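So this one's input_4.tsv, TSV, C-alpha atoms and all ligand atoms:
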chain	number	residue	atom	x	y	z
A	1	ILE	CA	-6.30	8.57	4.57
A	2	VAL	CA	-6.63	11.52	7.01
A	3	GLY	CA	-6.38	15.05	5.65
A	4	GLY	CA	-6.27	13.99	1.99
A	5	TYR	CA	-8.54	14.55	-0.98
A	6	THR	CA	-10.76	12.56	-3.33
A	7	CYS	CA	-8.41	11.17	-5.97
A	8	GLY	CA	-10.90	11.08	-8.82
A	9	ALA	CA	-12.21	7.88	-10.37
A	10	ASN	CA	-9.44	5.63	-11.71
A	11	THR	CA	-6.75	8.32	-11.41
A	12	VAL	CA	-4.61	5.85	-9.42
A	13	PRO	CA	-4.97	2.93	-11.84
A	14	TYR	CA	-2.48	0.67	-9.99
A	15	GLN	CA	-4.44	0.87	-6.71
A	16	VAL	CA	-6.22	-2.34	-5.77
A	17	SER	CA	-8.70	-3.21	-3.04
A	18	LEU	CA	-8.31	-6.59	-1.32
A	19	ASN	CA	-11.74	-8.03	-0.50
A	20	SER	CA	-12.68	-10.94	1.77
A	21	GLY	CA	-16.37	-10.08	1.95
A	22	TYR	CA	-15.47	-6.42	2.51
A	23	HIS	CA	-12.51	-4.18	1.77
A	24	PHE	CA	-9.73	-4.98	4.25
A	25	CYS	CA	-6.45	-3.71	2.72
A	26	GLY	CA	-4.97	-2.03	-0.30
A	27	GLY	CA	-2.37	-3.23	-2.77
A	28	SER	CA	-0.55	-2.23	-5.92
A	29	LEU	CA	-0.68	-3.91	-9.32
A	30	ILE	CA	2.86	-4.55	-10.58
A	31	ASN	CA	2.05	-6.63	-13.68
A	32	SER	CA	-1.04	-8.22	-15.14
A	33	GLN	CA	-0.89	-11.23	-12.76
A	34	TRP	CA	0.74	-9.91	-9.56
A	35	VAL	CA	-0.11	-7.52	-6.72
A	36	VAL	CA	2.20	-6.26	-3.93
A	37	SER	CA	0.70	-5.64	-0.50
A	38	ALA	CA	1.68	-5.76	3.18
A	39	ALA	CA	2.46	-9.08	4.86
A	40	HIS	CA	0.30	-8.05	7.79
A	41	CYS	CA	-2.66	-8.00	5.34
A	42	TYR	CA	-2.28	-11.76	4.75
A	43	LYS	CA	-5.44	-13.83	5.00
A	44	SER	CA	-7.08	-16.66	3.11
A	45	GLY	CA	-9.85	-16.09	0.60
A	46	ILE	CA	-8.61	-12.90	-1.07
A	47	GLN	CA	-10.35	-11.41	-4.07
A	48	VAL	CA	-8.35	-8.67	-5.81
A	49	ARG	CA	-10.52	-5.78	-7.02
A	50	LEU	CA	-8.97	-3.66	-9.77
A	51	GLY	CA	-10.38	-0.56	-11.40
A	52	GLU	CA	-12.25	0.51	-8.26
A	53	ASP	CA	-13.35	3.97	-7.27
A	54	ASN	CA	-16.49	3.53	-5.15
A	55	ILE	CA	-15.94	0.16	-3.43
A	56	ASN	CA	-19.68	-0.16	-2.67
A	57	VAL	CA	-21.03	0.43	-6.21
A	58	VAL	CA	-20.29	-1.38	-9.45
A	59	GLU	CA	-19.39	1.51	-11.77
A	60	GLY	CA	-18.28	-0.51	-14.80
A	61	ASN	CA	-14.47	-0.44	-14.83
A	62	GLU	CA	-13.87	-3.05	-12.13
A	63	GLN	CA	-12.15	-6.38	-12.60
A	64	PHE	CA	-12.61	-8.89	-9.78
A	65	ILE	CA	-10.01	-11.66	-9.79
A	66	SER	CA	-9.42	-14.23	-7.05
A	67	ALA	CA	-5.95	-14.83	-5.72
A	68	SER	CA	-4.37	-18.14	-6.70
A	69	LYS	CA	-1.35	-17.86	-4.39
A	70	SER	CA	-0.15	-15.56	-1.62
A	71	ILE	CA	3.54	-15.31	-0.69
A	72	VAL	CA	4.44	-13.50	2.53
A	73	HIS	CA	8.08	-12.42	2.60
A	74	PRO	CA	10.16	-15.26	4.10
A	75	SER	CA	11.60	-12.93	6.74
A	76	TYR	CA	8.38	-11.13	7.70
A	77	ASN	CA	8.55	-10.37	11.43
A	78	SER	CA	5.06	-9.89	12.89
A	79	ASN	CA	6.61	-8.68	16.18
A	80	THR	CA	8.46	-5.69	14.72
A	81	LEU	CA	6.76	-5.43	11.29
A	82	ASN	CA	10.15	-5.80	9.62
A	83	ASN	CA	9.81	-7.02	6.01
A	84	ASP	CA	6.09	-6.13	5.86
A	85	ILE	CA	5.55	-7.16	2.25
A	86	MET	CA	3.58	-9.88	0.44
A	87	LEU	CA	2.97	-10.90	-3.16
A	88	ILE	CA	-0.40	-12.09	-4.50
A	89	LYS	CA	-0.76	-13.94	-7.79
A	90	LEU	CA	-4.05	-13.60	-9.65
A	91	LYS	CA	-5.89	-16.65	-10.98
A	92	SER	CA	-6.12	-14.93	-14.38
A	93	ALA	CA	-4.27	-12.04	-16.00
A	94	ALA	CA	-5.98	-8.71	-15.62
A	95	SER	CA	-6.80	-6.79	-18.79
A	96	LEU	CA	-4.60	-3.70	-18.68
A	97	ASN	CA	-6.12	-0.40	-19.83
A	98	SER	CA	-6.07	3.27	-18.85
A	99	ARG	CA	-7.99	2.51	-15.61
A	100	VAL	CA	-6.16	-0.71	-14.65
A	101	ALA	CA	-2.42	-0.31	-14.98
A	102	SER	CA	0.73	-1.51	-13.32
A	103	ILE	CA	3.13	0.66	-11.32
A	104	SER	CA	6.86	0.41	-11.97
A	105	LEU	CA	9.18	-0.95	-9.30
A	106	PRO	CA	12.06	1.29	-8.23
A	107	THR	CA	15.58	0.93	-9.58
A	108	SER	CA	17.03	2.91	-6.69
A	109	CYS	CA	15.76	4.08	-3.35
A	110	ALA	CA	14.14	7.47	-2.86
A	111	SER	CA	15.63	10.29	-0.85
A	112	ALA	CA	14.32	12.45	1.97
A	113	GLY	CA	12.18	15.32	0.78
A	114	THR	CA	10.80	13.56	-2.31
A	115	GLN	CA	7.07	14.06	-2.65
A	116	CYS	CA	4.98	10.92	-2.93
A	117	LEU	CA	1.34	9.97	-3.52
A	118	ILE	CA	-0.30	7.76	-0.87
A	119	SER	CA	-3.80	6.40	-1.50
A	120	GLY	CA	-6.43	4.15	-0.02
A	121	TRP	CA	-9.91	3.56	1.37
A	122	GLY	CA	-8.85	3.71	5.01
A	123	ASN	CA	-10.22	5.77	7.89
A	124	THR	CA	-10.42	9.52	7.28
A	125	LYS	CA	-10.57	10.55	10.98
A	126	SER	CA	-7.60	10.99	13.29
A	127	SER	CA	-9.99	10.71	16.25
A	128	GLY	CA	-13.08	8.66	15.53
A	129	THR	CA	-14.07	6.48	12.60
A	130	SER	CA	-15.30	7.29	9.10
A	131	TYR	CA	-14.59	4.98	6.20
A	132	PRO	CA	-14.93	6.42	2.68
A	133	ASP	CA	-16.49	4.79	-0.35
A	134	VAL	CA	-14.31	6.52	-2.98
A	135	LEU	CA	-10.52	6.44	-3.15
A	136	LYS	CA	-8.61	9.07	-1.15
A	137	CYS	CA	-5.18	10.52	-1.91
A	138	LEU	CA	-2.47	12.35	0.01
A	139	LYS	CA	0.73	14.00	-1.17
A	140	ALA	CA	3.43	13.59	1.46
A	141	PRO	CA	7.22	13.91	1.61
A	142	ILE	CA	9.67	11.23	2.66
A	143	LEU	CA	11.24	12.08	6.02
A	144	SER	CA	14.88	11.60	6.86
A	145	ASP	CA	15.82	8.30	8.51
A	146	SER	CA	17.07	10.32	11.50
A	147	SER	CA	13.68	11.99	11.88
A	148	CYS	CA	11.87	8.67	11.54
A	149	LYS	CA	14.02	7.06	14.26
A	150	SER	CA	13.58	10.13	16.46
A	151	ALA	CA	9.81	9.79	16.16
A	152	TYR	CA	9.79	6.03	16.83
A	153	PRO	CA	12.75	5.22	19.11
A	154	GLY	CA	13.94	1.63	18.81
A	155	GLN	CA	11.23	0.68	16.28
A	156	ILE	CA	12.56	1.64	12.82
A	157	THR	CA	14.50	-0.93	10.80
A	158	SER	CA	16.53	-0.58	7.61
A	159	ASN	CA	13.40	-1.79	5.74
A	160	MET	CA	11.17	1.10	6.85
A	161	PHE	CA	10.85	4.77	6.11
A	162	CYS	CA	8.61	7.53	7.38
A	163	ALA	CA	6.60	9.90	5.22
A	164	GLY	CA	4.17	12.63	6.16
A	165	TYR	CA	4.14	15.62	8.44
A	166	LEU	CA	5.51	15.90	11.96
A	167	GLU	CA	2.84	18.52	12.72
A	168	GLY	CA	0.16	15.87	12.20
A	169	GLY	CA	-3.15	16.20	10.41
A	170	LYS	CA	-2.21	14.35	7.20
A	171	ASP	CA	-1.44	10.63	7.22
A	172	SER	CA	-2.47	7.16	6.14
A	173	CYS	CA	-4.65	5.17	8.53
A	174	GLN	CA	-6.32	1.83	9.26
A	175	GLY	CA	-7.67	0.33	6.04
A	176	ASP	CA	-4.93	1.91	3.90
A	177	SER	CA	-2.45	-0.84	4.79
A	178	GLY	CA	-0.86	-2.65	1.92
A	179	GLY	CA	-1.49	0.27	-0.44
A	180	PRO	CA	0.95	2.32	-2.47
A	181	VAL	CA	3.41	5.10	-1.82
A	182	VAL	CA	4.45	6.26	-5.31
A	183	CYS	CA	7.28	8.75	-5.83
A	184	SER	CA	8.43	9.93	-9.27
A	185	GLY	CA	6.43	7.15	-10.92
A	186	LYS	CA	7.92	4.28	-8.84
A	187	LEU	CA	6.40	2.21	-6.03
A	188	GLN	CA	8.70	3.12	-3.14
A	189	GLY	CA	6.49	2.28	-0.16
A	190	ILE	CA	3.72	0.08	1.21
A	191	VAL	CA	1.41	1.45	3.91
A	192	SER	CA	2.56	-0.47	7.01
A	193	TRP	CA	2.06	1.04	10.50
A	194	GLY	CA	2.11	4.05	12.80
A	195	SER	CA	1.13	5.26	16.25
A	196	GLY	CA	-2.44	6.38	15.79
A	197	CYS	CA	-3.10	8.37	12.60
A	198	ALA	CA	-2.20	11.96	11.79
A	199	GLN	CA	-0.86	12.51	15.32
A	200	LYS	CA	1.85	15.07	16.06
A	201	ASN	CA	5.35	13.58	15.84
A	202	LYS	CA	3.95	10.19	14.73
A	203	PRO	CA	4.27	10.06	10.93
A	204	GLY	CA	3.32	7.05	8.87
A	205	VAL	CA	5.80	4.19	8.57
A	206	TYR	CA	6.14	2.44	5.21
A	207	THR	CA	7.85	-0.68	3.90
A	208	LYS	CA	10.93	0.31	1.87
A	209	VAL	CA	10.13	-1.39	-1.45
A	210	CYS	CA	13.51	-0.65	-3.03
A	211	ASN	CA	15.06	-3.24	-0.68
A	212	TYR	CA	12.82	-6.01	-2.10
A	213	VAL	CA	13.09	-5.63	-5.88
A	214	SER	CA	15.32	-8.67	-6.39
A	215	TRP	CA	13.03	-10.86	-4.28
A	216	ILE	CA	9.94	-9.58	-6.12
A	217	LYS	CA	11.44	-10.21	-9.56
A	218	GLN	CA	12.82	-13.65	-8.74
A	219	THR	CA	9.62	-14.77	-7.00
A	220	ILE	CA	7.48	-13.69	-9.97
A	221	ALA	CA	9.84	-15.34	-12.44
A	222	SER	CA	9.63	-18.67	-10.57
A	223	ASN	CA	5.87	-18.70	-9.87
B	301	CA	CA	-16.90	-0.12	-7.57
Using structure tokens, write down the structure that the file contains.
Amino acid sequence: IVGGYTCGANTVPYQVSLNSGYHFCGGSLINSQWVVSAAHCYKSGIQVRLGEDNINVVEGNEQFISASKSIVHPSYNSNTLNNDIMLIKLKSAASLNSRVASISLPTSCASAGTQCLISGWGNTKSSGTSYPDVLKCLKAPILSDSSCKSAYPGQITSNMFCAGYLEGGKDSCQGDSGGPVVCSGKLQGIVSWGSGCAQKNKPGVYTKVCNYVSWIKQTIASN
């Protein structure tokens, strides 16, 4: 997260860190046994880390649970990043509490101008590299589809939306991928891609979760 602020320990209780020896992506807890992340985050050997603030210090509210199954969306397109969404089932049910909590899925899509909360442990520099230990947060509005397509000609699909600031300076970044965009208490986005981070006229691009609710529910019900 570039241009954001320190969330505060466990203030984003649905935020997860995916760990394969180190933090490599974010995710969102949607029930006690399932996490949503980005398909491009897929790898083997995932441990889901819930209840994290400082990812380099055990502070006493963490739950570390290995993945039992990963399911990349059947239509994930690694060329275009269309359908950049994955589900991860936990080997055991997390214990839900005030610091480890699920985020509701949307029942309808969100509209341009709605303010959302974007969070993660990704890079905090738009030029250079600095990775934080504690969770960072950014409030950012959804941009119109027209503005998104204007910023990224020929690259925006019906399963993507932009959020952020055309002036630059505030954005998600590498290491935030797979993490949440939450608007009015619903998970509307997954950190997916962009051109650089926090650059002028290059807002963040996010997977449009509202298009996947039926697939998420049916996949969870059958697995
Ligand atoms: Ca920790």
Surrounding residues as a PyMOL selection string, ligand CA 301 (chain B), max 7 Å, all atoms listed in the file: chain A and resi 52-59+62
Please, could you write that set of residues out with C-alpha atoms as a compact mmCIF listing (two decimals), in the frame of the given file?
# COMPACT_ATOMS: atom_id res chain seq x y z
CA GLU A 52 -12.25 0.51 -8.26
CA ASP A 53 -13.35 3.97 -7.27
CA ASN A 54 -16.49 3.53 -5.15
CA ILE A 55 -15.94 0.16 -3.43
CA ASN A 56 -19.68 -0.16 -2.67
CA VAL A 57 -21.03 0.43 -6.21
CA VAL A 58 -20.29 -1.38 -9.45
CA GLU A 59 -19.39 1.51 -11.77
CA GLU A 62 -13.87 -3.05 -12.13
Selected residue of minimal separation from residue 187 in chain A among A:150, A:15, A:201, A:223, counting only C-alpha atoms: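 So, comparing all the options, the nearest one is A:15.
Each of A:210, A:152, A:135, A:65 was checked against residue 80 in chain A using all atoms listed in the file; the smallest atom-to-atom distance is that of A:152.
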Point (11.3, -1.2, 13.1), cut-off 6 Å, counting all atoms listed in the file, residues as a list in words: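 Residues found, by chain and rising number: residues 80, 82, 155, 156 and 157 of chain A.
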Residues near residue 206 in chain A, cut-off 9 Å, all atoms listed in the file, skip fewer than 5 positions along chain, as a PyMOL selection string: chain A and resi 84+159-163+181+188-194
Pick from A:106, A:122, A:27, A:178, whichever lies nearest to residue 205 in chain A using all atoms listed in the file: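 Ranked by minimum distance to residue 205 in chain A, first place goes to A:178.
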Distance criterion (only C-alpha atoms): nearest to residue 97 in chain A out of A:21, A:153, A:51, A:168: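 Once distances to residue 97 in chain A are computed over only C-alpha atoms, the minimum belongs to A:51.
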Expected residue set, 10 Å radius at (-2.4, 6.6, 15.9), all atoms listed in the file, as number ranges by chain: A: 126-127, 171-174, 193-200, 202-204
Shell of 6 Å around range 34-43 of chain A, all atoms listed in the file, local chain residues under 2 positions omitted, as a PyMOL selection string: chain A and resi 27-31+72+84-89+178
Neighbour list for residue 138 in chain A as a list in words, cut-off 10 Å, all atoms listed in the file, skip fewer than 4 positions in-chain: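 After dropping sequence-adjacent residues, the list is residues 1, 2, 3, 4, 5, 6, 7, 116, 117, 118, 119, 120, 164, 170, 171, 172 and 181 of chain A.
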Between CA of residue 110 in chain A and CA of residue 142 in chain A, distance in Å (one decimal):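 Between these atoms lies a distance of 8.0 Å.
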Interatomic distance (Å, one decimal) between CA of residue 165 in chain A and CA of residue 147 in chain A: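 These atoms are spaced 10.8 Å apart.
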